[PDB]
**Q** 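Please find one structure pasted underneath; my questions will follow.
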Amino acid sequence: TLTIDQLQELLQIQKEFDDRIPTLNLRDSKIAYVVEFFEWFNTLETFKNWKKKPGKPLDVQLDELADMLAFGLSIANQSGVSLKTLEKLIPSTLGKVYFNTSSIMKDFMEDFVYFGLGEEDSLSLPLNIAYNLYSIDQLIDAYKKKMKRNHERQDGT
Amino acid sequence: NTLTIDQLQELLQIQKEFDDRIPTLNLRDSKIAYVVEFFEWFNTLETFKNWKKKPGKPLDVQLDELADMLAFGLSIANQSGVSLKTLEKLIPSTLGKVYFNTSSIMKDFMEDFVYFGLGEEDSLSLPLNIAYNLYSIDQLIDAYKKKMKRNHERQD
Ligand SMILES: O=c1ccn([C@H]2C[C@H](O)[C@@H](COP(=O)(O)NP(=O)(O)OP(=O)(O)O)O2)c(=O)[nH]1
Ligand SMILES: O=c1ccn([C@H]2C[C@H](O)[C@@H](COP(=O)(O)NP(=O)(O)OP(=O)(O)O)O2)c(=O)[nH]1
Ligand SMILES: [Mg+2]
Ligand SMILES: [Mg+2]
Ligand SMILES: [Mg+2]
Ligand SMILES: [Mg+2]
């Protein structure tokens with residue numbers, strides 16, 4: 001489950017971090033988003049018929065999804081997403097955005113090449129992946145721990 | 001930094017010797033696998049990582065992922081029953097880098113995958129092109145032979 005309250009906190013956590021990066025820009029953020037999608041997808045390992053038991057540990061799957069959510073939030077922030085949009089977007093946590101596991105990669109690249117990345121899809125997909133394959137609370141906990149870590153790493157440099 | 005048909009034919013035989021040990025081998029999964037290794041390799045370049053002072057993973061890591069991409073490219077070529085005619089005509093497609101520079105290779109790769117899919121020629125071509133343009137052919141072949149040896153030992 002996900003409230004507008006919770007989503008608003010997520011975006012605030014992301015903004016606090018992104019404000020510490022002067023070179024921050026949407027082009028790189030969108031490329032980075034796509035790359036974390038494949039980092040995540042490579043932890044699920046649906047296609048690896050050469051492994052007896054495919055799939056990396058749950059905490060590893062969640063921490064890449066957390067990475068993907070980070071850039072989705074950042075895109076929505078940098079794009080100046082409005083409350084009006086967020087509130088129309090939450091009742092869409094019951095959509096088939098994550099598609100099915102066998103088509104999600106293909107689908108993802110199609111939407112990217114054709115339509116590009118907008119604030120709504122970039123936010124929606126990692127939340128919707130979490131709702132359908134994990135839990136939203138599992139993702140939020142992974143995400144909060146990761147950003148604290150990211151902050152501690154930025155202090156070093 | 002040259003590639004002969006003899007060399008390419010040796011790589012294909014190396015790839016088949018490994019793939020014959022994988023009874024679940026199928027084209028659909030190999031194509032998905034190929035796309036994923038592309039992004040594994042792309043993420044070793046870290047060109048987009050403005051939040052890093054010194055972006056880029058070590059050379060051995062970049063080459064190991066480029067070797068993975070060559071592996072699935074060779075595998076796709078093998079499963080598709082690639083012909084001598086096609087290989088000998090493909091080698092003249094080294095030379096011309098054409099397509100991608102570094103700031104566009106991700107978007108270029110995805111465009112091609114979506115619009116054309118993965119064919120025997122393109123999937124084999126790309127990692128050889130990349131080796132020619134950012135590393136050397138020799139470096140990729142050496143990295144590929146080390147990786148496959150590790151792969152076999154892992155299947156043991
Ligand atoms: O502008 C940024 C940059 C990075 N980040 C965070 C998100 C994510 O947790 C992480 C992504 O950066 P990296 O790709 O460097 N980390 P990752 O763990 O994915 O390393 P790698 O790509 O090597 O697997 O940094 C932001 O939130 N905003
Ligand atoms: O059918 C196959 C399957 C795998 N392989 C080899 C190629 C490549 O070197 C490697 C790819 O399998 P993994 O993705 O499981 N290994 P990788 O190094 O990419 O690990 P990871 O995906 O976790 O980064 O196994 C084949 O040659 N044919
Ligand atoms: Mg990353
Ligand atoms: Mg990551
Ligand atoms: Mg891999
Ligand atoms: Mg790899």
Side-chain angles (χ1 to χ4, degrees), chain A residues 14 17-18 21 24 28-51 54 56-75 105 108 122 125-126 129-130 134 139 142-144 147 149-150 153, chain B residues 15 18 29-51 55-56 58 60-76 106 109 123 126-127 130-131 135 140 143-144 147-149 151-152 155:
Chain A
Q14 185 61 40
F17 181 81
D18 281 327
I21 313 290
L24 180 84
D28 281 350
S29 288
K30 289 185 189 176
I31 300 174
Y33 180 92
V34 164
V35 172
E36 299 297 335
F37 170 78
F38 277 93
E39 293 183 34
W40 167 75
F41 185 77
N42 198 25
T43 66
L44 203 64
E45 296 184 336
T46 63
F47 53 92
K48 299 203 169 179
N49 61 71
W50 55 93
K51 288 191 164 177
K56 288 185 172 80
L58 185 63
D59 60 279
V60 186
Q61 299 195 22
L62 276 165
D63 284 344
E64 288 293 14
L65 193 57
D67 277 355
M68 185 186 177
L69 172 64
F71 289 106
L73 293 165
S74 184
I75 290 166
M105 191 205 69
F108 182 85
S122 73
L125 183 56
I129 289 179
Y134 308 91
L139 174 60
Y143 170 80
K144 288 185 178 182
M147 294 306 294
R149 192 67 184 89
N150 285 327
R153 192 160 26 237
Chain B
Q15 188 59 41
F18 178 84
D29 286 339
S30 297
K31 292 190 174 183
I32 298 167
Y34 181 94
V35 180
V36 179
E37 300 295 342
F38 170 82
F39 276 97
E40 287 187 44
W41 167 79
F42 180 72
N43 190 41
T44 66
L45 238 54
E46 299 187 328
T47 59
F48 53 93
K49 292 204 173 177
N50 62 77
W51 60 88
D60 54 9
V61 174
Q62 297 182 22
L63 284 176
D64 200 71
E65 297 290 17
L66 196 59
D68 288 344
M69 193 192 319
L70 180 61
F72 284 113
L74 298 159
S75 181
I76 289 169
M106 193 205 76
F109 180 83
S123 75
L126 184 55
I130 289 175
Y135 310 95
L140 169 60
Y144 167 79
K147 181 50 176 282
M148 293 315 291
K149 182 180 299 232
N151 286 340
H152 260 116
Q155 256 277 300

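In what follows, chains carry the letters A, B, and so on, assigned in the order in which the sequence lines appear, proteins first and then strands, with residues in each chain numbered from 1. Both ligands and their constituent atoms are indexed starting at 1 by order of listing. Note that these values count all heavy atoms, side chains included, but never hydrogens, waters or copies made by symmetry.
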**Q** Specify which N/O/S atom of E65(B) comes nearest to the Mg ion (ligand 6), by atom name.
**A** OE1

**Q** Look up atom OG1 in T43(A) and atom NZ in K56(A), then write down how far apart they are to the nearest 0.5 Å.
**A** 7.0 Å

**Q** Return the minimal non-hydrogen interatomic distance between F38(B) and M69(B), and the atom names on each side.
**A** CA-CE, 3.6 Å

**Q** In terms of relative ring orientation, are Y135(B) and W41(B) parallel, tilted or perpendicular, with 30° and 60° separating the classes?
**A** perpendicular

**Q** Hey, is the Mg ion (ligand 6) within less than 2.8 Å of some N/O/S atom on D68(B)?
**A**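 Yes - counting backbone and side chain alike, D68(B) has an N, O or S atom under 2.8 Å.
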
**Q** Please work out whether the ring planes of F42(B) and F48(B) are parallel, tilted or perpendicular, with thresholds of 30° and 60°.
**A** parallel

**Q** By atom name, which N, O or S atom of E36(A) is the nearest to the Mg ion (ligand 3)?
**A**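 The nearest such atom is OE2.
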
**Q** Out of the N/O/S atoms in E39(A), what is the name of the one closest to the Mg ion (ligand 3)?
**A**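 Of the nitrogen, oxygen and sulfur atoms in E39(A), the Mg ion (ligand 3) lies nearest to OE2.
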
